[PDB]
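Enquirer: My file is work.cif. It has mmCIF, C-alpha atoms:
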data_query
loop_
_atom_site.group_PDB
_atom_site.id
_atom_site.type_symbol
_atom_site.label_atom_id
_atom_site.label_comp_id
_atom_site.auth_asym_id
_atom_site.auth_seq_id
_atom_site.Cartn_x
_atom_site.Cartn_y
_atom_site.Cartn_z
ATOM 1 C CA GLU A 228 4.285 -6.288 14.548
ATOM 2 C CA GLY A 229 3.803 -2.551 14.057
ATOM 3 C CA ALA A 230 0.786 -0.373 13.340
ATOM 4 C CA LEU A 231 -1.956 0.001 10.804
ATOM 5 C CA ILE A 232 -2.610 3.733 10.415
ATOM 6 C CA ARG A 233 -5.705 5.247 8.780
ATOM 7 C CA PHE A 234 -4.759 8.227 6.615
ATOM 8 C CA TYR A 235 -7.641 9.796 4.686
ATOM 9 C CA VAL A 236 -8.408 11.900 1.646
ATOM 10 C CA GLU A 237 -10.888 14.587 2.630
ATOM 11 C CA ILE A 238 -13.356 15.348 -0.140
ATOM 12 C CA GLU A 239 -15.343 18.543 0.360
ATOM 13 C CA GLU A 240 -18.216 17.807 -2.081
ATOM 14 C CA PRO A 241 -18.393 13.971 -2.371
ATOM 15 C CA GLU A 242 -21.337 14.068 -4.818
ATOM 16 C CA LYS A 243 -19.432 15.268 -7.915
ATOM 17 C CA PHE A 244 -16.738 12.553 -7.654
ATOM 18 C CA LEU A 245 -19.089 9.555 -7.240
ATOM 19 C CA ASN A 246 -18.618 8.519 -10.870
ATOM 20 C CA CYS A 247 -15.121 7.234 -10.114
ATOM 21 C CA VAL A 248 -15.617 5.609 -6.735
ATOM 22 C CA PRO A 249 -16.469 1.876 -6.515
ATOM 23 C CA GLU A 250 -19.841 0.944 -4.977
ATOM 24 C CA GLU A 251 -18.338 -0.475 -1.733
ATOM 25 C CA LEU A 252 -16.678 2.859 -0.900
ATOM 26 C CA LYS A 253 -19.626 5.109 -1.776
ATOM 27 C CA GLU A 254 -21.287 4.932 1.662
ATOM 28 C CA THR A 255 -18.216 5.981 3.696
ATOM 29 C CA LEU A 256 -17.568 8.649 1.042
ATOM 30 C CA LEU A 257 -20.861 10.588 1.133
ATOM 31 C CA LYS A 258 -21.257 10.409 4.954
ATOM 32 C CA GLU A 259 -17.716 10.862 6.340
ATOM 33 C CA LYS A 260 -16.557 12.719 3.193
ATOM 34 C CA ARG A 261 -13.487 10.475 3.248
ATOM 35 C CA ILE A 262 -11.595 7.889 1.263
ATOM 36 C CA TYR A 263 -9.357 6.007 3.673
ATOM 37 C CA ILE A 264 -5.861 4.837 2.886
ATOM 38 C CA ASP A 265 -4.839 2.100 5.308
ATOM 39 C CA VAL A 266 -1.061 2.148 5.735
ATOM 40 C CA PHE A 267 1.292 -0.287 7.499
ATOM 41 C CA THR A 268 4.379 0.816 9.378
ATOM 42 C CA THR A 269 6.952 -0.484 11.833
ATOM 43 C CA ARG A 270 7.758 3.123 12.700
ATOM 44 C CA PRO A 271 4.479 4.574 14.099
ATOM 45 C CA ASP A 272 6.668 6.890 16.216
ATOM 46 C CA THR A 273 7.589 8.705 12.990
ATOM 47 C CA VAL A 274 3.972 9.486 11.948
ATOM 48 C CA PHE A 275 4.205 13.251 12.628
ATOM 49 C CA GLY A 276 6.973 13.514 10.005
ATOM 50 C CA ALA A 277 5.017 12.038 7.105
ATOM 51 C CA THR A 278 5.193 14.484 4.166
ATOM 52 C CA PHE A 279 3.763 12.094 1.578
ATOM 53 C CA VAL A 280 1.908 8.794 1.064
ATOM 54 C CA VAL A 281 2.810 6.120 -1.474
ATOM 55 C CA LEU A 282 0.462 3.476 -2.887
ATOM 56 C CA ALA A 283 1.739 0.423 -4.761
ATOM 57 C CA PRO A 284 1.073 0.659 -8.539
ATOM 58 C CA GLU A 285 -1.402 -2.290 -8.314
ATOM 59 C CA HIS A 286 -3.387 -0.788 -5.418
ATOM 60 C CA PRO A 287 -7.110 -0.442 -6.353
ATOM 61 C CA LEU A 288 -7.157 3.082 -4.938
ATOM 62 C CA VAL A 289 -4.671 4.246 -7.590
ATOM 63 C CA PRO A 290 -7.145 4.647 -10.493
ATOM 64 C CA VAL A 291 -9.828 5.910 -8.070
ATOM 65 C CA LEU A 292 -7.657 8.676 -6.601
ATOM 66 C CA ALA A 293 -6.049 9.536 -9.935
ATOM 67 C CA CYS A 294 -9.522 10.071 -11.463
ATOM 68 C CA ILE A 295 -10.297 12.484 -8.632
ATOM 69 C CA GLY A 296 -6.859 14.107 -9.030
ATOM 70 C CA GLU A 297 -7.646 14.679 -12.715
ATOM 71 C CA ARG A 298 -11.028 16.312 -11.868
ATOM 72 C CA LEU A 299 -9.221 18.783 -9.582
ATOM 73 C CA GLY A 300 -6.691 19.597 -12.319
ATOM 74 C CA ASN A 301 -3.741 18.374 -10.221
ATOM 75 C CA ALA A 302 -2.735 15.168 -12.029
ATOM 76 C CA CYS A 303 -2.059 13.777 -15.507
ATOM 77 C CA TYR A 304 -4.301 10.755 -15.918
ATOM 78 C CA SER A 305 -2.422 9.149 -18.817
ATOM 79 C CA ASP A 306 0.960 9.436 -17.018
ATOM 80 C CA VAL A 307 -0.559 7.415 -14.150
ATOM 81 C CA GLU A 308 -2.078 4.789 -16.502
ATOM 82 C CA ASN A 309 1.304 4.497 -18.289
ATOM 83 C CA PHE A 310 3.105 4.089 -14.956
ATOM 84 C CA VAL A 311 0.731 1.389 -13.666
ATOM 85 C CA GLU A 312 0.828 -0.689 -16.871
ATOM 86 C CA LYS A 313 4.649 -0.470 -17.046
ATOM 87 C CA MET A 314 5.014 -1.346 -13.362
ATOM 88 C CA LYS A 315 2.677 -4.352 -13.741
ATOM 89 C CA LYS A 316 5.108 -5.872 -16.270
ATOM 90 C CA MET A 317 7.909 -6.011 -13.679
ATOM 91 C CA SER A 318 8.529 -8.849 -11.254
ATOM 92 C CA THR A 319 9.111 -8.425 -7.513
ATOM 93 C CA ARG A 320 12.854 -8.873 -8.071
ATOM 94 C CA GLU A 321 12.989 -6.178 -10.790
ATOM 95 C CA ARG A 322 11.184 -3.540 -8.693
ATOM 96 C CA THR A 323 13.238 -4.060 -5.497
ATOM 97 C CA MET A 324 16.538 -3.965 -7.414
ATOM 98 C CA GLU A 325 15.808 -0.652 -9.169
ATOM 99 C CA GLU A 326 18.528 1.876 -8.304
ATOM 100 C CA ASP A 327 16.330 4.797 -9.337
ATOM 101 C CA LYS A 328 13.056 5.826 -7.765
ATOM 102 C CA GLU A 329 10.239 6.385 -10.243
ATOM 103 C CA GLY A 330 6.829 7.762 -9.264
ATOM 104 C CA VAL A 331 3.676 9.634 -10.267
ATOM 105 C CA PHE A 332 1.581 12.228 -8.425
ATOM 106 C CA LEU A 333 -2.100 11.267 -8.059
ATOM 107 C CA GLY A 334 -3.361 14.849 -7.640
ATOM 108 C CA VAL A 335 -4.835 14.347 -4.173
ATOM 109 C CA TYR A 336 -3.814 15.130 -0.597
ATOM 110 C CA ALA A 337 -4.227 12.723 2.275
ATOM 111 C CA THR A 338 -4.848 13.992 5.774
ATOM 112 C CA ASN A 339 -2.293 12.931 8.373
ATOM 113 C CA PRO A 340 -4.417 11.785 11.328
ATOM 114 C CA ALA A 341 -1.614 12.708 13.736
ATOM 115 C CA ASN A 342 -1.514 16.447 12.980
ATOM 116 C CA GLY A 343 -4.228 17.224 10.392
ATOM 117 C CA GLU A 344 -1.683 18.196 7.706
ATOM 118 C CA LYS A 345 -2.483 17.680 4.013
ATOM 119 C CA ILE A 346 0.173 15.645 2.201
ATOM 120 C CA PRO A 347 0.587 14.542 -1.439
ATOM 121 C CA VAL A 348 -0.350 10.985 -2.402
ATOM 122 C CA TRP A 349 1.988 9.393 -4.934
ATOM 123 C CA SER A 350 2.395 5.977 -6.513
ATOM 124 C CA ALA A 351 5.935 4.585 -6.759
ATOM 125 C CA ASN A 352 8.020 1.600 -7.832
ATOM 126 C CA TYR A 353 9.630 0.673 -4.492
ATOM 127 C CA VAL A 354 6.282 -0.034 -2.832
ATOM 128 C CA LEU A 355 4.857 -3.512 -3.307
ATOM 129 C CA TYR A 356 1.137 -4.253 -3.146
ATOM 130 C CA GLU A 357 1.826 -7.589 -1.460
ATOM 131 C CA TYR A 358 3.645 -6.226 1.615
ATOM 132 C CA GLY A 359 1.413 -4.869 4.407
ATOM 133 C CA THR A 360 -1.573 -3.053 2.907
ATOM 134 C CA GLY A 361 0.117 -1.994 -0.348
ATOM 135 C CA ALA A 362 0.467 1.542 1.004
ATOM 136 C CA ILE A 363 3.005 3.328 3.136
ATOM 137 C CA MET A 364 3.344 6.723 4.773
ATOM 138 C CA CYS A 365 6.669 8.338 3.992
ATOM 139 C CA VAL A 366 9.093 9.963 6.381
ATOM 140 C CA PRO A 367 12.124 11.065 4.316
ATOM 141 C CA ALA A 368 14.067 12.209 7.421
ATOM 142 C CA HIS A 369 13.879 8.717 8.899
ATOM 143 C CA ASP A 370 13.476 6.294 5.995
ATOM 144 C CA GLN A 371 16.314 6.147 3.463
ATOM 145 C CA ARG A 372 14.201 4.915 0.526
ATOM 146 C CA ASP A 373 11.650 7.692 1.187
ATOM 147 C CA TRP A 374 14.554 10.130 1.453
ATOM 148 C CA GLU A 375 15.825 9.234 -2.025
ATOM 149 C CA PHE A 376 12.275 9.458 -3.376
ATOM 150 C CA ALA A 377 11.740 12.920 -1.853
ATOM 151 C CA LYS A 378 15.120 14.087 -3.162
ATOM 152 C CA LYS A 379 14.225 12.807 -6.642
ATOM 153 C CA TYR A 380 10.855 14.687 -6.690
ATOM 154 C CA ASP A 381 11.534 17.746 -4.458
ATOM 155 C CA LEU A 382 9.347 16.681 -1.521
ATOM 156 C CA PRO A 383 9.511 18.153 2.030
ATOM 157 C CA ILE A 384 11.709 16.634 4.743
ATOM 158 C CA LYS A 385 10.532 16.871 8.377
ATOM 159 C CA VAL A 386 12.431 15.828 11.541
ATOM 160 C CA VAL A 387 10.515 14.030 14.309
ATOM 161 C CA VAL A 388 13.175 11.717 15.759
ATOM 162 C CA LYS A 389 16.112 13.816 16.996
ATOM 163 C CA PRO A 390 19.368 11.847 17.386
ATOM 164 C CA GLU A 391 21.637 12.122 20.436
ATOM 165 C CA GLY A 392 24.658 12.816 18.205
ATOM 166 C CA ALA A 393 24.873 15.139 15.203
ATOM 167 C CA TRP A 394 23.295 14.388 11.804
ATOM 168 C CA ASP A 395 22.749 16.182 8.479
ATOM 169 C CA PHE A 396 19.317 15.554 6.981
ATOM 170 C CA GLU A 397 19.840 17.007 3.499
ATOM 171 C CA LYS A 398 22.563 14.395 2.851
ATOM 172 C CA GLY A 399 20.724 11.336 4.203
ATOM 173 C CA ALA A 400 18.144 9.896 6.582
ATOM 174 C CA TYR A 401 18.648 8.922 10.220
ATOM 175 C CA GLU A 402 16.990 5.519 10.760
ATOM 176 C CA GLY A 403 17.954 5.039 14.438
ATOM 177 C CA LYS A 404 16.457 5.799 17.867
ATOM 178 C CA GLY A 405 16.047 9.180 19.539
ATOM 179 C CA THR A 406 13.875 11.843 21.118
ATOM 180 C CA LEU A 407 10.629 13.078 19.568
ATOM 181 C CA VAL A 408 10.371 16.640 18.268
ATOM 182 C CA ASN A 409 7.545 18.407 16.366
ATOM 183 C CA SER A 410 5.200 15.640 17.556
ATOM 184 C CA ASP A 411 2.483 17.467 19.539
ATOM 185 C CA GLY A 412 2.241 16.144 23.132
ATOM 186 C CA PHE A 413 4.647 13.306 22.333
ATOM 187 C CA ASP A 414 7.653 15.637 22.255
ATOM 188 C CA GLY A 415 10.428 14.462 24.590
ATOM 189 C CA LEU A 416 9.460 10.791 24.520
ATOM 190 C CA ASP A 417 12.027 8.200 23.497
ATOM 191 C CA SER A 418 11.264 6.539 20.143
ATOM 192 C CA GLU A 419 10.488 3.063 21.518
ATOM 193 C CA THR A 420 7.756 4.005 24.001
ATOM 194 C CA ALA A 421 6.484 6.580 21.476
ATOM 195 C CA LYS A 422 5.775 3.653 19.131
ATOM 196 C CA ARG A 423 3.420 2.266 21.786
ATOM 197 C CA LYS A 424 1.958 5.576 22.916
ATOM 198 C CA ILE A 425 1.149 6.983 19.473
ATOM 199 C CA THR A 426 -0.257 3.633 18.327
ATOM 200 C CA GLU A 427 -2.569 3.374 21.344
ATOM 201 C CA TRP A 428 -3.524 7.065 20.946
ATOM 202 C CA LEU A 429 -4.565 6.450 17.323
ATOM 203 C CA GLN A 430 -6.279 3.168 18.260
ATOM 204 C CA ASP A 431 -8.546 5.083 20.677
ATOM 205 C CA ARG A 432 -9.447 7.527 17.894
ATOM 206 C CA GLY A 433 -10.436 4.722 15.489
ATOM 207 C CA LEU A 434 -7.590 5.676 13.161
ATOM 208 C CA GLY A 435 -5.119 2.907 14.034
ATOM 209 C CA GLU A 436 -4.445 -0.534 15.531
ATOM 210 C CA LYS A 437 -1.541 -2.584 16.900
ATOM 211 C CA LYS A 438 -0.207 -5.359 14.658
#
Kindly return the structure encoded in the file as structure tokens.
Expert:
Amino acid sequence: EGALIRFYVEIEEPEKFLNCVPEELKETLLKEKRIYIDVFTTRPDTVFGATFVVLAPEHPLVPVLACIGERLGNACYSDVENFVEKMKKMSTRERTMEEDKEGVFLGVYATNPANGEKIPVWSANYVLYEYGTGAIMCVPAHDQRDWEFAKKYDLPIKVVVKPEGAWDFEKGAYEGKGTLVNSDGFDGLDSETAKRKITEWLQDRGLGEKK
């Protein structure tokens, strides 16, 4: 159990990017001006502190978004192709055991449905296509693997679960329970009921669902 959350890439002029979107995504694209990235989390109470999105290397949206990223002059297409082909050679065991985080920027920015903030979309080794939806939202302040990744590629850290005791966030991530900060009208809530309240709030907006 947890939450499916609908992050989305806003595309201002959908028409000029149609030549690298698959047929079954074209409709939603030229009417909502969106490509959705379904994400699975067990920490929906941390959603306000997402500063990036990661897709598994084998996720079908990787070549799609990278094409778009290229068009906008924000990504290196060959670097992504190289990354995906290399990562496809590895087994599950080999990717989990990797001490170092490797990733590539796709050149696009997802919209965080919790606060409307634009965040980079990356692909990375530690994310497996098989688990959940093949995509995660990343909260470096509260997820240790995302913390290492952000450290490795100079990505923003943002605190949304304040601990009772003291903690230093530029030395590591706090993965425990606390009080919500920088979380709109969910500030002050304890983490556990925030999981329920944010999930239900997103569910009612058609941008989430309980799992």
Enquirer: Applied to this file, what does the PyMOL selection byres ((chain A and resi 334) around 7) return in terms of residues, put as number ranges by chain?
Expert: A: 293, 296-297, 301-302, 332-333, 335
Enquirer: Write out as lines of an AutoDock Vina configuration file an axis-aligned box for segment 418-428 of chain A: all of its atoms listed in the file, 8 Å added on each side, centre and edge lengths in Å with one decimal.
Expert:
center_x = 3.9
center_y = 4.7
center_z = 21.2
size_x = 30.8
size_y = 20.8
size_z = 21.7
Enquirer: List the neighbours of residue 404 of chain A out to 12 Å using only C-alpha atoms; skip same-chain residues closer than 4 positions along the sequence, and give me the result as an NGL selection string.
Expert: :A and (270 or 272-273 or 369 or 387-392 or 416-422)
Enquirer: Taking the file above as input, evaluate the PyMOL selection byres ((chain A and resi 309-312) around 12) and report the hits as a ChimeraX atom specification.
Expert: /A:282-290,293,303-308,313-317,329-333,349-352,356
Enquirer: Go through A:291, A:280, A:362, A:354 and flag the residue nearest residue 250 of chain A, using all atoms listed in the file for the distances.
Expert: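 Going through A:291, A:280, A:362, A:354 one by one, the smallest distance to residue 250 of chain A is for A:291.
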Enquirer: Rounded to one decimal place, report the atom CA of residue 295 of chain A-atom CA of residue 237 of chain A distance in Å.
Expert: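 Between these atoms lies a distance of 11.5 Å.
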Enquirer: Render segment 249-330 of chain A from the structure in the preceding block as a file of C-alpha atoms, as a short mmCIF file (atom, residue, chain, number, x, y, z; two decimals), in the first residue's frame.
Expert:
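Saved result, part_4.cif, follows:
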data_model
loop_
_atom_site.label_atom_id
_atom_site.label_comp_id
_atom_site.auth_asym_id
_atom_site.auth_seq_id
_atom_site.Cartn_x
_atom_site.Cartn_y
_atom_site.Cartn_z
CA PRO A 249 3.42 7.43 -29.57
CA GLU A 250 -0.11 7.31 -31.02
CA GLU A 251 -1.79 6.27 -27.72
CA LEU A 252 -0.52 9.40 -25.95
CA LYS A 253 -1.30 11.89 -28.73
CA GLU A 254 -4.90 12.57 -27.64
CA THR A 255 -4.10 13.48 -24.00
CA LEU A 256 -1.15 15.51 -25.32
CA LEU A 257 -2.92 17.92 -27.71
CA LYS A 258 -5.96 18.47 -25.42
CA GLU A 259 -4.53 18.61 -21.88
CA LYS A 260 -1.08 19.69 -23.15
CA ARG A 261 0.37 17.05 -20.83
CA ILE A 262 2.43 13.89 -20.76
CA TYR A 263 1.73 12.14 -17.47
CA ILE A 264 4.32 10.33 -15.41
CA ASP A 265 2.61 7.93 -13.01
CA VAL A 266 4.79 7.48 -9.93
CA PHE A 267 4.50 5.06 -6.99
CA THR A 268 5.43 5.99 -3.45
CA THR A 269 5.05 4.76 0.11
CA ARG A 270 5.80 8.29 1.28
CA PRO A 271 2.98 10.45 -0.21
CA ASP A 272 3.44 12.74 2.82
CA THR A 273 6.78 13.80 1.32
CA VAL A 274 5.34 14.93 -2.06
CA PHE A 275 5.88 18.67 -1.45
CA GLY A 276 9.64 18.04 -1.17
CA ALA A 277 10.10 16.40 -4.56
CA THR A 278 12.90 18.24 -6.42
CA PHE A 279 13.26 15.68 -9.21
CA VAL A 280 11.64 12.66 -10.91
CA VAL A 281 13.43 9.48 -11.94
CA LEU A 282 12.29 7.02 -14.62
CA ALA A 283 13.76 3.52 -14.92
CA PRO A 284 16.09 3.19 -17.96
CA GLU A 285 13.62 0.75 -19.62
CA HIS A 286 10.59 3.02 -19.14
CA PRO A 287 8.90 3.76 -22.53
CA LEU A 288 8.68 7.45 -21.63
CA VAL A 289 12.48 7.73 -21.58
CA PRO A 290 13.04 7.99 -25.37
CA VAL A 291 9.83 10.06 -25.72
CA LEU A 292 10.85 12.67 -23.14
CA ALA A 293 14.50 12.67 -24.20
CA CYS A 294 13.44 13.46 -27.80
CA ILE A 295 11.46 16.42 -26.48
CA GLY A 296 14.38 17.40 -24.22
CA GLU A 297 16.65 17.43 -27.28
CA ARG A 298 14.20 19.69 -29.22
CA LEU A 299 14.32 22.21 -26.36
CA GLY A 300 18.13 22.14 -26.33
CA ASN A 301 18.28 20.86 -22.73
CA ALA A 302 19.49 17.27 -23.19
CA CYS A 303 22.10 15.21 -25.03
CA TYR A 304 20.22 12.54 -26.95
CA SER A 305 23.16 10.18 -27.50
CA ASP A 306 24.15 10.26 -23.79
CA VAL A 307 20.63 9.03 -22.98
CA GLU A 308 20.71 6.29 -25.67
CA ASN A 309 24.14 5.18 -24.37
CA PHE A 310 22.83 5.09 -20.79
CA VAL A 311 19.72 3.05 -21.67
CA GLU A 312 21.60 0.46 -23.74
CA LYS A 313 24.28 0.05 -21.04
CA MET A 314 21.67 -0.21 -18.28
CA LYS A 315 19.71 -2.84 -20.25
CA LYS A 316 22.77 -5.13 -20.15
CA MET A 317 22.71 -5.24 -16.33
CA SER A 318 20.71 -7.67 -14.23
CA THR A 319 18.51 -6.69 -11.28
CA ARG A 320 21.26 -7.80 -8.89
CA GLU A 321 23.93 -5.68 -10.63
CA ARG A 322 21.85 -2.47 -10.57
CA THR A 323 20.78 -2.73 -6.89
CA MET A 324 24.35 -3.48 -5.74
CA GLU A 325 25.90 -0.45 -7.48
CA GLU A 326 27.65 1.74 -4.90
CA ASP A 327 27.64 4.73 -7.24
CA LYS A 328 24.60 6.51 -8.60
CA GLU A 329 24.66 7.05 -12.36
CA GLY A 330 22.04 9.09 -14.22
#
